[PDB]
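Reviewing the structure listed below.
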Amino acid sequence: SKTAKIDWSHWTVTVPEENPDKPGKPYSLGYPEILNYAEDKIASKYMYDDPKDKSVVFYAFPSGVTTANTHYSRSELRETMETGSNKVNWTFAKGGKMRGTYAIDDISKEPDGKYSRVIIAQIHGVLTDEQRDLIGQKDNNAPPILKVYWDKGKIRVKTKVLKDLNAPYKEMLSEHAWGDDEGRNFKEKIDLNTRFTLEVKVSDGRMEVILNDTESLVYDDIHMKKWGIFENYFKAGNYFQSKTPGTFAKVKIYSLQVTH
């Protein structure tokens, strides 16, 4: 192929720029209009081809336009395991694997001279409509159980923990029941402009993140078991973790594969 190996039939994209038809909401493309990204006057600014090395660039920066739970701007893919649908999602028991080949093509520094941080892969929980309505929530949001960062020359992983292990079901369904773990870093330093591979392997009660098919960070304790009540979708691209004026990142993806 002349372009990156990304199966567009299983992703939507949200970008930093406002949707003119939904003031205050970021522009997005799903299937099949997402295939037109190179020619879309809005999206092609933020998701575009590098034909020289067959990558797709995800370019993001603080735009002031974000979605409801989001807080930072993004140029990022959201997995649709069923082409055309947001509502079909997977449990950890069902499982899933995502493989991507990435490079951090460019990124800003913060005023203290340290690089800005960027989230390049996630697993995001999502409530079913039945769960949402059980607890009376305004939308289907649920915590990002996995966030994978590029952070000052390392790949860093953050996961969620259940704060109270005897919390009842309806409490467990709320984001307030889930806190952050302490974070874990891969040993291998990843410089800018360096291809690396990420693989995320999810199965019942178990989440594994692999860098360059060498080191694995494995999550398999009680919190992964408790997390089984959620459905999930993968995310990949550039969820940019700064609002400092003038900051940005560009994340290249050469290959992206999801299986269930």
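Counting in UniProt numbering, the sequence shown runs from 29 upward without gaps.
Using N, Cα and C, we set each Cβ at its ideal position, and we do this for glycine too.
Cutoff 9 Å: residue i Cβ touching any chain D Cβ
i	result
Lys186	No chain D is present in this structure, which holds just one protein chain.
The ligand HEM heavy atom lying under 8 Å from the CB of residue i
i	result
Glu46	In the structure shown, the ligand HEM is absent, as is every other ligand, since no ligand is present at all.
Boundaries of the alpha helix (DSSP H) in which residue i is found, first to last residue
i	result
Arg160	157–163
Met200	197–200
Three-state secondary structure (DSSP) of residue i
i	result
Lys253	helix
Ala66	helix
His152	strand
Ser231	strand
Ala131	strand
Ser29	coil
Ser144	coil
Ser283	strand
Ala88	strand
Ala277	strand
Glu203	helix
residue 289	A question about residue 289 goes unanswered here, because the residues of the chain that appear run from 29 up to 288.
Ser72	helix
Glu61	helix
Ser101	coil
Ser136	coil
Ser37	helix
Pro44	strand
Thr272	coil
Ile238	strand
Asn213	strand
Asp78	strand
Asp208	strand
Buried or exposed (CB count within 10 angstroms, at least 16 for buried), residue i
i	result
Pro172	buried
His99	exposed
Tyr197	exposed
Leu155	buried
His251	buried
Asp248	exposed
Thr275	buried
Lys180	exposed
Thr242	exposed
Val228	buried
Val246	exposed
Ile147	buried
Span of the beta strand (DSSP E) around residue i
i	result
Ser56	54–57
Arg223	Looking at the DSSP string, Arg223 is not in any beta strand (DSSP E), and its letter there is neither H nor E.
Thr94	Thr94 -> no beta strand (DSSP E), and no H or E assigned at all.
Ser113	Taken as a continuous stretch (DSSP letters only), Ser113 belongs to no beta strand (DSSP E), as it is neither H nor E.
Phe268	259–268
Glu243	243–247
Open item on the list: Pairs of beta-carbons, one from the region 266–277 and one from the region 85–99, closer than 8 Å: are there three or more?
Closed with: yes
Open item on the list: Quick test of the definition: if touching needs 3 or more C-beta pairs under 8 Å, does the region 40–54 touch the region 92–111?
Closed with: yes
Open item on the list: Closer than 8 Å is the cut-off here; do at least three beta carbon pairs connect the region 196–209 with the region 239–259?
Closed with: yes
Open item on the list: Could you check whether the region 133–142 touches the region 235–252, counting it as contact only if at least three pairs of C-beta atoms, one from each stretch, sit closer than 8 Å?
Closed with: no
Task: Touching by the beta-carbon criterion (3+ pairs, under 8 Å), the region 270–285 and the region 66–85 - done: yes
Task: Completely contained beta strand (DSSP E) runs for the region 170–196, where each covers 3 or more residues - done: 174–179, 182–190
Open item on the list: Check whether the region 113–126 and the region 65–76 touch, using three or more Cβ-Cβ pairs below 8 Å as the test.
Closed with: no
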